[PDB]
Amino acid sequence: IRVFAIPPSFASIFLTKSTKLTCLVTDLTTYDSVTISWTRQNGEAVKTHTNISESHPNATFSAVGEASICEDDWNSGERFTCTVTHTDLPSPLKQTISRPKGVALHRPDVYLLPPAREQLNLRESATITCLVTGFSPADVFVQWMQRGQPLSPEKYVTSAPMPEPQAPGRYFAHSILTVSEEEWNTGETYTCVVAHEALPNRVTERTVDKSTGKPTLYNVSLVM
Amino acid sequence: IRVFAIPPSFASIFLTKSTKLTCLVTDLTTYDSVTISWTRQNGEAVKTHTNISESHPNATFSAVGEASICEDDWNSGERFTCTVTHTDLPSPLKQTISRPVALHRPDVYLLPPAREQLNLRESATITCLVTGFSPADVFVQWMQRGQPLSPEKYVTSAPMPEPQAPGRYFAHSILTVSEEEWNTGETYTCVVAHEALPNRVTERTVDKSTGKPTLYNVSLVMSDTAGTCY
Amino acid sequence: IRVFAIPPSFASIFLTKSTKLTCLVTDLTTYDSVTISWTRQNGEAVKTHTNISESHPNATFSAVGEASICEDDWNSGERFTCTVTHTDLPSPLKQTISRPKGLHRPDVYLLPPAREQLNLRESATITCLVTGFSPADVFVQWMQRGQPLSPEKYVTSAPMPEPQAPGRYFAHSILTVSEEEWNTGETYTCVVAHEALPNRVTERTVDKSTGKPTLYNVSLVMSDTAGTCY
Ligand SMILES: *[C@@H]1O[C@H](CO)[C@@H](O)[C@H](O)[C@H]1NC(C)=O
Ligand SMILES: *[C@@H]1O[C@H](CO)[C@@H](O)[C@H](O)[C@H]1NC(C)=O
Ligand SMILES: *[C@@H]1O[C@H](CO)[C@@H](O)[C@H](O)[C@H]1NC(C)=O
């Protein structure tokens, strides 16, 4: 008799440029032929839903209802409801879900930290992280692109959001990039883009090179 | 009715300098005569539980318990079971917790702040990158010339598993400090204690003198009439 | 008729992480049918020992016995008594050994090698100086990269009180390294252990050029019109 719903975060909408509504109903009795539907605040009908998940091997039934709409409807303020109806249910339960509004809105600050000098001494690998702090809300999406070509999602893992101790309403995140030491010698800019709902373009990247953190080495002056 | 028993994490052992295991009962009604105890592999005298809770906001009753054991009798494979004889359950509830993997020495690296970060002259962040270690639950803290900092100042991160390495983990630890408190000192040695090192505890420190790789310059002067004494 | 006893040194509880008490039985006649064991002031069960020593050819009784205990029992205040009964001396000989019941943090000052040693192009000596710590009997070890070196590579000097401060001590520990291995760019950190630091473990690392950037100011003059000055 447990009902849950995962709201569509900004990190998932930015992937396919389209929001998706999902509902997770677990801790129920294993039975088939379960009707899952979505109802709006005004009762307007929703689009066709399919791709219903099966039951878990541990005697747990899970039903997922997919519904794709535009970002304007989700940002307008309309509230949805994951209605679950079945024979064993004495009454059709309801659960509302929407986008919480009324929080802070600060533009993210990207600080691409250069790799440490001692890391390159081993000549084994090199982990370049992208420090992003001072943003609201949390759960932002970051990735890496190789001269415009995105890399595989497996290489980079987004750190879990966590509130900043020195800030009342800001968060921070990390995104490492494990690459070989010999690779970061002929370019490898590794632009760190950030997805947030405060920037005018919602995307901000930084361009670096091998001689980024190293200051000038020559100061030769000519006197004539 | 579920009973949990959180094993003593390595982070709490080093900080408190004393091991302490907790085994409490949950999902129980508001009944009295609820006693708890500790049973070892063979069964001997244990420490009496103290600091009993009162109640919970969700209309339930619980009783936590702590004991005092040694550190050598934990990594040898010994098990500790907290047997609770509930009044409403004819069968006593027993929870056995113990410890068993590969061991890799952690790698400690300190990342200096970026050049563009100091241009704002608002705050400075120092990250001590720790990667390639096993198992998880590693405690990372910061100090200042031998004086430890308050736990509210520095906050560690979660032990996210390394994607490239199938059996390693990486952690992060930020330290937001003022911009003016960086060019006059504040080494902020990154002290980290792990259970896969010959010396257990290791620490590394960085400062502003780590850079400037012999920034030399040669004055090229020719066909000039200065009339001075070099 | 005197039974010696070796107190648990701080240098022995860190290298092996196992504090064990041992009382040396000497100055007695060599005979069989003897009872050697350990007793505690509390009055609980005490583990026995093994590895009985041989017989001294100079007609001197010798016996060694060690038992494995925990680490918090010695620091709590519990006393351990080693009583040995001999046929010639029926009177028991009680040997109560306990740490004194009553402190400054050590300072690691890694002295860089001089230039005269490198001029001979034979070897290089790196010493680690630690001053201002109490009490004595500390442990100094050397580690390379991520593993310790051989025990014979470095020898730790005996503790000696500071002639200036009556409540401070100092220790010395040198290390032999070739010139080629010194200019490679290694660390050769000095990690010690003390019973007063918040983490009890500290280490300091250096490099070939870690003190100052050592910038240059050389000027190249190729003008034949600018005269010189005496
Ligand atoms: C060389 O650099 C130093 C420090 O950067 C500076 O003081 C000196 O004036 C420079 N030499 C010349 C000829 O400008
Ligand atoms: C080198 O610099 C020092 C101080 O910067 C100065 O005293 C000295 O005269 C300089 N050498 C020459 C040859 O001018
Ligand atoms: C030494 O550095 C000073 C700047 O501090 C500069 O004025 C002088 O010309 C330098 N001496 C040389 C280049 O011989």
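Distance between the C-alpha centres of the stretch A:1-80 and the stretch B:204-222: 60 Å, rounded to the whole angstrom. Cα to Cα, under 17 Å, and not fewer than 8 places away if on the same chain: which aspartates and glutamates meet these conditions relative to residue A:20? Residue A:20 reaches A:66, A:71, A:72, A:73, A:78, A:139. Taken over the C-alpha atoms, the stretch B:103-230 has Rg and Dmax values of 20.7, 71 angstrom. For the segment B:62-72, counting C-beta atoms of other chains within 10 Å of every residue's C-beta and taking the mean gives 2.
Here the protein assembly as shown is treated with +1 on each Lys and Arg Cβ and -1 on each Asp and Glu Cβ, and its dipole about the Cα centre works out to around 580 debye. The convex hull around the C-alpha trace of the protein assembly as shown, projected and averaged over every direction, spans 48.9 square nanometres. Of the Cα atoms belonging to the stretch C:1-115, the radius of gyration and Dmax stand at 18.2, 66 Å. Within the shell of other residues whose beta carbon sits under 12 angstrom from the beta carbon of residue B:68, the net charge comes to -3, with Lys and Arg scored +1 and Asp and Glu -1.
Counting only Cβ charges, +1 for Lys and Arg and -1 for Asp and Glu, the dipole size of the stretch A:30-81 around its Cα centre is about 160 debye.
Take each residue of peptide A:164-176, count the partner chain Cβ atoms within 10 Å of its Cβ, and average: the result is 4.
By the compact-protein rule of thumb, 2.2 N^0.38 Å, the alpha-carbon radius of gyration of chain C corresponds to a ratio of 1.53.
The mean number of partner chain beta-carbon atoms within 10 angstrom of a residue's beta-carbon across peptide A:185-192 is 0. Charge tally for residue A:24 (other residues, Cβ to Cβ under 15 Å; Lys, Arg +1; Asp, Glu -1): -1.
Around residue A:204, with a cut-off of 15 angstrom between Cβ atoms, what is the net charge of the other residues, counting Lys and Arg +1 and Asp and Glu -1?
Charge balance near residue A:204 sits at -1.
Taking 4.7 Å between beta carbons as the limit, the unpaired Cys residues of the protein assembly as shown are A:70. Candidate cross-link partners of residue B:17 among the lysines, defined by an alpha-carbon separation under 16 Å and a same-chain spacing of 8 or more, comprise C:17. Candidate cross-link partners of residue B:208 among the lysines, defined by an alpha-carbon separation under 29 Å and a same-chain spacing of 8 or more, comprise A:210, A:214, B:153, C:208, C:212.
Every number here is computed from the coordinates shown, using simple stated rules; none is lab data. So basically every Cβ, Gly included, is an ideal-geometry build from the backbone, and we count neighbours across all protein chains shown.
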